[PDB]
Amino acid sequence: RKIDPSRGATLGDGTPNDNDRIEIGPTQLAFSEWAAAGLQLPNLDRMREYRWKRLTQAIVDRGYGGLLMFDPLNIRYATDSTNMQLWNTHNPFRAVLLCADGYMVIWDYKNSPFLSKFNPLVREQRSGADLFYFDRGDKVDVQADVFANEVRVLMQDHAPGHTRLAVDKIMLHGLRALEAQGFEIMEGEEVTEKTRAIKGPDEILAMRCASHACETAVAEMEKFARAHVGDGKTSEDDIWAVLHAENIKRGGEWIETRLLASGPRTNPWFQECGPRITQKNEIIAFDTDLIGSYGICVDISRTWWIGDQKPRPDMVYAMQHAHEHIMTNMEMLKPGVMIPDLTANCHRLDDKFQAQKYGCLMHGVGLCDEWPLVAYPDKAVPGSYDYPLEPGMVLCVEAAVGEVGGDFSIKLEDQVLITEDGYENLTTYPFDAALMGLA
């Protein structure tokens, strides 16, 4: 019956206290750690209502009649319902229509209409939005017309007079079928990215929980790495596997990249975690890029020195330079600052680090990496992100620091909330004391 005997009919996040329920979420392990940490749990019903209201408002503000979503991350934002998320990312079997009057319909996997029933804001569970060759072979086009006619009828009933339908991403068969029904297809991502960019109070609570769980998982990985690196057998993959397992054990969902590398494989950055046998007296740098508990992305980066010797002075300087970079850049953060002014006033990396610097100095984060992208001045494009920061935005602040042809790089990154009058760094994970020149 109850999954948590110490509680009544509901868990702390308001969901049912029922070991046999369909809905998943954080494990008892995660909840125990969070309670011991004194973290306030999100109320999921209020969270789901917040997102839905805000997304509906976004449609209305643009004078659109609706938004059609095939990206599982947008579907997750709109409904909080998951279904084979990773398979869904490259197999578009799922769709959500949200109309300007708030009416929301999901076309789900035929076999699994029950996966969104926990959210009453999802008014209908249908099927048949899977318009790709694996699922339908030479008969995609017939179903594309069935599906587009369904969307037409829903829009006639729930957004009469509107011809503009925003779509995040759709297969060409789907696009043509919708256009044949008389829709003008608008850019759906411009709707979803800007909506998702402002977190409500429950999303922020959810993120604090996910962040705590992610930092716990990383601490397990550090413990494992410092204990086993340089034993002649332990690989990058061995270390990284710890993060995978500890995330899953806390109700997390997946990891977006393979960004953990050791020794000379840290420079250039973006070499992937693999079989390399790790060594004593070497750098290990990683980036969590992690979809964690409550489906919230925790995106932080740390660089470790592991060995009996001291790190080289150039490693210490680089680490200190990287730290100075993100602390200076996050100090720019407060409501009302224009994104291009972040670009213009950002901390200046030394010349020898300019060539291999990161693809941005900041980016948004929520269910994954999100709008905005804050480019360095030499890559920034005029008229691309002319908007101010607002309370409720969350930005990761980045530093990649390495020389061309060098044998190491530093990667640091913290996750930062915009508050009413400034910012709050959510990330508490320590910086390697030897690399920081403190030890």
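Throughout, we count residues from 1 along the sequence that is shown.
Mean Cα B-factor comparison, 77-85 or 104-112, giving the higher one as deposited: Stretch with the greater average CA B-factor: 104-112.
Stretch with the higher entry mean CA B-factor, where the candidates are 413-421 and 5-13: Result of the comparison: 5-13.
Determine which member of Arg123, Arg152, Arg196, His323 has the highest CA B-factor, using the values in the deposited entry. Of the candidates given, the C-alpha B-factor peaks at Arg152.
Going by the CA temperature factor in the entry, name the top one among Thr303, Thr257, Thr192, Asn345. Among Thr303, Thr257, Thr192, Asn345, the PDB entry lists the largest C-alpha B-factor for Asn345.
Among the modelled residues of its chain, does the C-alpha B-factor of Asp287 lie in the lowest, middle or highest third? For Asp287, the deposited C-alpha B-factor lands in the lowest third.
Within this chain, which third does the Cα B-factor at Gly174 fall in: lowest, middle or highest? It belongs to the middle third of the chain when residues are ordered by C-alpha B-factor.
CA B-factor ranking of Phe224, expressed as a third of its chain: Middle third of the chain for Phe224's C-alpha B-factor.
Ranking every modelled residue in this chain by its Cα temperature factor as given in the entry, which third contains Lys379? According to the entry, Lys379 has a C-alpha B-factor in the chain's highest third.
Where the record places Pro275 (Cα B-factor, split into thirds across the chain): For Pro275, whose C-alpha B-factor we compare with every modelled residue in the chain, the answer is the middle third.
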